[PDB]
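Notes for the one structure printed next.
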Amino acid sequence: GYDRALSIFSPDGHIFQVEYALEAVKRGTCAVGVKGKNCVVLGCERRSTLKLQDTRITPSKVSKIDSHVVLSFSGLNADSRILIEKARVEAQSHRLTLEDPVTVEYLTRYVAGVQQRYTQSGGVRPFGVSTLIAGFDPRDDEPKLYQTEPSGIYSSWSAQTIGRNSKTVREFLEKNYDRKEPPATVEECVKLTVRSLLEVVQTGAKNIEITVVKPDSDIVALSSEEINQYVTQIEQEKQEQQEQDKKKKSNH
Amino acid sequence: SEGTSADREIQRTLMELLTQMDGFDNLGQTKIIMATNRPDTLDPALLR
Amino acid sequence: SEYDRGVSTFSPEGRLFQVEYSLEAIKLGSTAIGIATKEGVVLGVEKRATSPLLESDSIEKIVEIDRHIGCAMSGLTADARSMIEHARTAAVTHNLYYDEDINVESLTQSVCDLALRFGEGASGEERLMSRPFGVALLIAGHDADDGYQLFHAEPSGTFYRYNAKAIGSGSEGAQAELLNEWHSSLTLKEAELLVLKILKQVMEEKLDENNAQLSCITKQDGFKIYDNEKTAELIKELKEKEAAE
Amino acid sequence: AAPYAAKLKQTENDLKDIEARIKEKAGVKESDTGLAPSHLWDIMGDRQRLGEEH
Amino acid sequence: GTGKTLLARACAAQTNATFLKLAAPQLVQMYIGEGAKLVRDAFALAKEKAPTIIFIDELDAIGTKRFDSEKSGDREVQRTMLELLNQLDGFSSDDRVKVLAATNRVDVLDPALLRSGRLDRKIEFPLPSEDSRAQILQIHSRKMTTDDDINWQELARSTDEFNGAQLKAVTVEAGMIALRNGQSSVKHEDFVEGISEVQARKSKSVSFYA
Amino acid sequence: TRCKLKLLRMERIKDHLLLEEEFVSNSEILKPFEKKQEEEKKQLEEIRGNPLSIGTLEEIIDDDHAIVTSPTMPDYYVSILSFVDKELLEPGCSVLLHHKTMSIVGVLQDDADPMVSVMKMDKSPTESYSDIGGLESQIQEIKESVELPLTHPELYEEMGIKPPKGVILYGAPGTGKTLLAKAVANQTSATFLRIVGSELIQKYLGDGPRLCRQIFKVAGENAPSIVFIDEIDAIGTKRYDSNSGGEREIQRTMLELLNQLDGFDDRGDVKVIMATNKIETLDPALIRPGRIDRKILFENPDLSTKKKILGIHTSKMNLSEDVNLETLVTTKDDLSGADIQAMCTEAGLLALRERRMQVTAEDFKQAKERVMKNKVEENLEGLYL
Amino acid sequence: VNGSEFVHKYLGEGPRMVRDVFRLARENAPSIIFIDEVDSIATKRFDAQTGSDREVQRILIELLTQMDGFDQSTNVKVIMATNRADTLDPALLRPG
Amino acid sequence: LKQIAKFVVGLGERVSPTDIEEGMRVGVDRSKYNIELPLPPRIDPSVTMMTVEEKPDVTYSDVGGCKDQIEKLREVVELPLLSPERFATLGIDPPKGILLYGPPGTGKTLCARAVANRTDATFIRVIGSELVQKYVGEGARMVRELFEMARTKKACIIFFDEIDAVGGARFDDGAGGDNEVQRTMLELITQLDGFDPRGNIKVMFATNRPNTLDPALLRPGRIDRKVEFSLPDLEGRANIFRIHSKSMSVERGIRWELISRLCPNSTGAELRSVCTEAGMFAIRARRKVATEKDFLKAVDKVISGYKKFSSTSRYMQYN
Amino acid sequence: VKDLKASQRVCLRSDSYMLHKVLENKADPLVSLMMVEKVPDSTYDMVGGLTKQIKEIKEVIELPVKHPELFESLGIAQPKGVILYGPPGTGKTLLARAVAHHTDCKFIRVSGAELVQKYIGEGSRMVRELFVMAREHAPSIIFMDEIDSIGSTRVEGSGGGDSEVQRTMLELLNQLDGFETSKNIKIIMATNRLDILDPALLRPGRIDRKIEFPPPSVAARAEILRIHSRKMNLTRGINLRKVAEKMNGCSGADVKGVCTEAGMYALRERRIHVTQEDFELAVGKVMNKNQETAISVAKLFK
Ligand SMILES: Nc1ncnc2c1ncn2[C@@H]1O[C@H](COP(=O)(O)OP(=O)(O)OP(=O)(O)O)[C@@H](O)[C@H]1O
Ligand SMILES: Nc1ncnc2c1ncn2[C@@H]1O[C@H](COP(=O)(O)OP(=O)(O)OP(=O)(O)O)[C@@H](O)[C@H]1O
Ligand SMILES: Nc1ncnc2c1ncn2[C@@H]1O[C@H](COP(=O)(O)OP(=O)(O)OP(=O)(O)O)[C@@H](O)[C@H]1O
Ligand SMILES: Nc1ncnc2c1ncn2[C@@H]1O[C@H](COP(=O)(O)OP(=O)(O)OP(=O)(O)O)[C@@H](O)[C@H]1O
Ligand SMILES: [Mg+2]
Ligand SMILES: [Mg+2]
Ligand SMILES: [Mg+2]
Ligand SMILES: [Mg+2]
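Chains as they are written, first to last, in the numbering used here: chain A, 1 to 252; chain B, 1 to 48; chain C, 1 to 245; chain D, 1 to 54; chain E, 1 to 210; chain F, 1 to 385; chain G, 1 to 96; chain H, 1 to 319; chain I, 1 to 302.
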């Protein structure tokens, strides 16, 4: 049995195609979401092969679904393309009908619905892709981050890690982050995302990509200069940290 | 190469049989007739 | 065994195996309890925090279907998305056609008719769902000519009326207690604290308001989903009640 | 590796000395099976054993 | 469980004859070169004081088709089995000495024993028919308590691919459930519950409509 | 030099001393007795005649006689004679027989077989942690199951629960699960059998399951013991095609192995270590528990683990002067412990070849690329990208 | 010898037969070893995972190592013939 | 002789013609061939003293639960031996055999040990690979001799544990004496058959697969009654944790009810392993009791390990 | 009895079975196996043309036996067993043969299967007997052929009667790695591919050194022609380097195949010299073979 289609329920009550989709997520690139209280930072790992691959004509892992909603992804690179396109045509159809900017909540349900559609029928597999969808609501400054899974279950998470070796980032993120007091300033928010991706990239600040989404439909993608500037400060404080345990131990 | 090994054991006996009737040629006075009773085996007799 | 892969497709006992297997999906899910009382039906649920980064009160396990029909859910929330939508449409078109608040009994049947599509082609209703659903509901409301009813929708398309019914992991244990704890003479404050007494015992973590979410159907208040401040107050009163004893 | 290599060479000599105990130890033994009070039965047993009915 | 053993024993009662029974693991005893004396000894007795039936049961290891499974003494046992058949052919009309044979699978049975008119007439006992099932339950029931509210036709329809062996167990089972409850008189209800405890299925498990 | 000398001084003097005293005393045993212990020796030598045959004791017969089975085909009717009493003998025990007229001498074989010599290990492994490079949690679990109940029963008393009856080790190839088992075997100070699981399998009717049964027989008597049976995918349930001899054999060995391990009151204090490499051929009635009472997954090293394996190995290699350890472990991804063991031996080798009396940076980096070739998968970024 | 006569009568019987045949050639050396059919014995590849298929392979592994020699035999090395040219190619034998 | 050469042998020195007859062991000279002294009857007590054993200390209350299956298993074996009165008056002769099947780790072994203790009659432990003791046809005389010894006693249980060897299945492709493998299987089944009606020679079989079982053997009236055993339902689980935890130190005002909701369907054996493992966590913590928390961990480890072999993953890793 | 040890063969006298003498000779089919094959007289010089292959096998196998000192100080542990791999026909058996001459240790070749011994029955647990007999006669340089060119699928198995030969394969590995004493046991393997290999023969501690023996270069091939001609009669006008460029072989044995064919022409005519023209005709015979194998990949492909 029982993983040979999506239409067998199995006596352990799992639809295998969804369970196996999750293991495909691992193949893609780390992606990390962290909300502040005036920003959401959405950052992802950028894979670098060789110098003969570009990063100009070559697609980033952060994609604009509109002008106030953003998306980063993990999964098969092929799968993700259609997932993003269909989500985008919905985002525009929403202004066509209502004439409103899309609601963050409305959008995430639409993308989870598409994966859910695929998952229910047996004529297709689902998109083997989990995404994190960041954005701000049409007029409120309340920061929103939601997550989707191949299953077509969405949740809201204040911070979440997906992609390659997600769990080891999750535990660090769980500790440092508070929902009692998220970062007040975009600058510390950005650096926390950097701290999370530091672990899994090892060398490079050209393997960390930062984009910020803020209210009033501002999305900006940050420069290699600024990211290198953030990673060096982390690198200096970390160097210092090692020295302090060495002193403190002698001192007591 | 996936048939029974039983038939393979008893194969050898016939190979001594087949070679033996040769001594009679080309005196045609003594002759040999053979009758099969299985389509399961294919005898090295049909071959030579 | 060797008779179980298809949904058509029997089975020396005579049962559809695919249909029975979806029963087992409901136990995977988080515990949900409902208790009908003559003052309203209380739908409490459990939520489970995998990380204390999953924002508890943005996951929805109680949802509004109309102003008088509510649902709680357990099982796959992938299957609950289509399941719920159907019923939200049912209540809204019924009000459109007849102006009357949908009857709870008929609202169940609409859910369960949709549950029935298994095949990929049949005579009669034309089947277009590729598998049985993987979600149960507790359906709660109040109609005007039969009072408060509490139903359980099954993904197998059968409906049992109940006085009280639990689904989820803690279904067996809750069900055992509620056999000793239902009465004709219970009241809605009493129901509310009844759900929490049963709930703490069948939750793996501990009873907090973050991991609880109760709600009521009262004719006066309509469908009211609570807050955590409200839910916390009730928790503090459960603990007082158990202290005396 | 002279400072410590010297001491290594002596360790192999020790291995042979322990081996020589295994041989030595076997050279004298003392054993006995049965119990001491069954000594009278041995005496009987020679008369039956010698004899032929078995 | 088609009732071969039964029918051969009975066959012998009718004709009032000298009945010798042999069974392929019984026949072989001690050193396997002493196995050949025993076949011969048996048939020496039989032909004298005729009529007779020599019935050889379950032949699945001294009448193997393969010659790969090693045997050197149990081979001589097959050969001395063969003399007997030969002397039936040796009488022309072999009225005096009748032989019967039984085996569980005839695919396992040796091909040279069937080959030619060395042994004649091969008789296949199928699964009981609906007709045959009705009769088989009744007879066994006689021995326990018997009630006529039991409709035996109802039972015969329900069972599919059942042997007489399997039905004796249903008759006995009907008695086990009945005693358990403490009803000193069997019902039809008990009997219907006896099909699904002899079979490995559970029909006792509530469903989504039960 | 001073540290070696200090150990060397004590162990040579005493051991050399114990040797010399055995020489003097051995003579000296003999003189006290000459008719006070001598008598039993004279009576045995005469009755035995020196040549003797074995028999197996079939049964006793009441009148001081017995019936025995010889290794030759006839049985014989013996009389019970000599010092050895018939409360020291029961059926199922081996007996010696006298040449001329077969007679019960006594027992001295004590059901010996040449397979007992094979079970019985005499070789002692290295091996303790601090030669085990990481896997802290994995070290811990095998110590609590196998080392601990024997050394400290106190904790098991206090709680009042039975001790683990085994453990099963499984994971990726070459992970060095073998060190941990060896480490358990050294530290305990317990009788360590084993065996390979490919040694119970033969081709001779019914000898195989009796060899399985024999291991437990020797362990239960010399309990507490630990038994390590390697490679259980040589004794799984797997297909066997047709026209094979081994199709029965594999079935019977496994069956006997199963009953003894569970017990019917069990040995009750013999723990087992099973190791294996294919869990898709393992039978289902040997990894359900009461048999084994943990099951543990081993996985290939990661950064912290690698640095430890590496860490021990480099300190036993001279002059790593310009060698940074951290920079190598960083780049390395998804390797076994086998591969890092190999990289130290290879890197030293390149240092020899360079005509250099010391290791370098560049000696290590070259060796590292070589062993990455060997263990590689690329369909992760092949599929993705 | 024949290829109908190089078969497995038992599991692992196939390779036993080869070793006897090439020892015997050495005993009576010089001698010419003739195999009539090596068209069933030699086949480039399989999509199989049974030891039934491995019996056929081990004849060829054995055939190769034995031909070769280590005694540097006074034999006139294996003469073989095949009706086909496309299952016994000069990439299974080869080149000399 | 036990040389298997045959002789006409002279007289003894006190032998009677009324003592030495067919089926009696006698001793003769080893080179002269004359009886002088006769020998005792039989020659099977060598194998039969070890196979029989006295009573283990397990009770039919652990055997876990209080299942319908346990009750019915007691009816087939124990009740008629104890009392045939009910059976004769109902008008049934008791089922002769009974099959113990179910996934391995269901505790058919708990059943074998328990029925021995209750019975107050002789219980023979027999392993299927202690009947294979071949020297070529010797293994068959083991089956025969052992069966015959039970049939001399009247009210007795023979129990075979995990037959699949001797009670195997048939081949048409076998090798090396796979006929003698069949001969030993078939030897058992015929003697069974033959004695019927026996009363009170009762056969139990534990099989880990009922399809590695001869189709001739499986045929009812060797094996008239068959009981299926299963993974205990939630209640049966709850009961069994309390037996084992009575023995351990635990928290007064703990929830065993909670541990069963958490645990999914699983082998009864592995249900026993929970309590042991929970205890392990209390042991390394140095705590002198076992919390509710550490049982939660103990289920989690066993289940999560087991999932590794069969069916992975959940959707409640984010949900 | 001190001059005796358990599992030491001992000779006996008459029918008393009084001990006579001690047998330090132990007669086994393991031994007869090696006895037909003898000590080989292939030398390194004949595999001359590639000396890199000869240089890595020397360092790993020979050098730690003769001088353990270096690797007990500078490195850690005796360098592990090698597996020879490369395209078919390169010279991988030839290399093993050559090494055997130069080391002067006891080899325990051991041909292409081990199921070739059925004098004590089939090796199911007598495979392990090999290690014991080797350990005594130490150094234990072992050579094994499991060429494994056939069966593109064979690694996914876990097995039918694959199991018998796998049980033989497996028990080798356990014994090798051992428990834990060693007497410098080294296993040279020769094999066709490592992609087409016996499952779990390499994993990867065993055997984690690897030696590649590549397809020869023209610079390599010229030397191979040179040495085969020194035994024979040289080319006239010394064009033996000149022909190397015209066709490159694809193996070391293809280089050999030119010379044998070339000197065959001299056999037809019965001349005492060879010439350039003989060498040229000879290359073309070797190419016929590359053509016979693949020809349909140029016509009726994709
Ligand atoms: N056709 C039948 N009519 C009456 N009873 C039957 C019949 N078939 C089977 N039985 C009952 O089942 C019991 C067991 O079947 P039985 O031993 O006769 O099988 P068989 O076909 O002769 O066996 P084998 O193939 O093992 O030699 C019989 O003793 C009888 O009580
Ligand atoms: N943690 C470690 N510390 C030191 N050496 C290591 C470590 N891990 C691996 N090794 C080295 O690599 C070898 C690889 O393990 P090995 O080949 O014995 O396999 P295994 O998976 O334990 O085998 P099997 O399934 O046959 O029991 C070890 O024996 C040791 O030499
Ligand atoms: N129902 C139960 N209650 C209590 N403990 C149990 C129960 N079932 C199993 N166990 C425990 O698990 C151990 C192992 O299971 P056991 O050996 O009894 O199984 P089985 O089904 O007879 O297996 P096999 O197929 O290997 O013969 C028992 O000794 C006992 O400790
Ligand atoms: N590199 C070489 N230098 C010189 N002669 C060579 C060289 N390689 C091979 N030879 C010669 O060519 C002969 C044939 O080698 P062949 O190609 O058949 O070898 P192999 O690699 O051992 O094969 P297999 O994989 O079939 O076991 C050798 O026996 C030797 O005489
Ligand atoms: Mg019959
Ligand atoms: Mg190991
Ligand atoms: Mg059992
Ligand atoms: Mg070769």
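Where is the CB? At the ideal position from N, CA and C, for every residue including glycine.
Pairing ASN176 of chain A with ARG195 of chain A, the inter-Cα distance amounts to about 10 Å. For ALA2 of chain D, the nearest beta carbon of chain I is not closer than 8 Å to its own beta carbon. When the five nearest sequence neighbours on each side are left out, the beta carbons in the same chain lying within less than 8 Å of the beta carbon of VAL186 of chain A are those of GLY36, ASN38, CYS39, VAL41, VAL212 and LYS214, in order along the chain. The secondary-structure analysis by DSSP pairs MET176 of chain E with nothing; it has no beta-bridge partner. DSSP places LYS295 of chain F inside the beta strand (DSSP E), whose first and last residues are 295 to 298. In the DSSP annotation of this structure, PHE228 of chain F is not part of any alpha helix (DSSP H); the continuous beta strand (DSSP E) holding it starts and ends at 225 to 230. For the segment 150 to 197 of chain A, the full-length alpha helix (DSSP H) segments reaching 4 residues or more read 166 to 176 along the chain. Measuring C-alpha to C-alpha distances from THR267 of chain H to each of H:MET248, H:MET280, H:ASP233 and H:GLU277 identifies H:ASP233 as the nearest. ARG183 of chain H and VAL28 of chain E do touch by the CB rule: their CB atoms are close to 7 Å apart, below 8 Å. One alpha carbon belongs to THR101 of chain F, the other to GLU52 of chain D, and they sit about 8 Å apart.
With a cut-off of 8 Å on Cβ pairs, the segment 224 to 243 of chain A is not in contact with the segment 55 to 74 of chain A, counting fewer than three such pairs. Sixteen is the threshold: since fewer than 16 other Cβ atoms of the shown chains lie within 10 Å of the Cβ of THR13 of chain B, the residue is exposed. If one requires a minimum length of 4 residues, no alpha helix (DSSP H) run lies completely within the segment 94 to 118 of chain I. Secondary structure of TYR160 of chain C (DSSP, three-state): strand. In the DSSP assignment, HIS244 of chain H falls within the unbroken alpha helix (DSSP H) covering 234 to 247. For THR235 of chain I against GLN175 of chain I, the beta-carbon gap comes to about 51 Å, at or over 8 Å, which does not count as contact.
According to DSSP, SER94 of chain F shares a beta bridge with F:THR56.
If you check the CB distance, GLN358 of chain F and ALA367 of chain F do not come in under 8 Å. According to DSSP, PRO143 of chain A shares a beta bridge with A:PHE136.
Restricting attention to alpha helix (DSSP H) runs no shorter than 4 residues, the segment 88 to 134 of chain H encloses them at 108 to 119, ordered along the chain.
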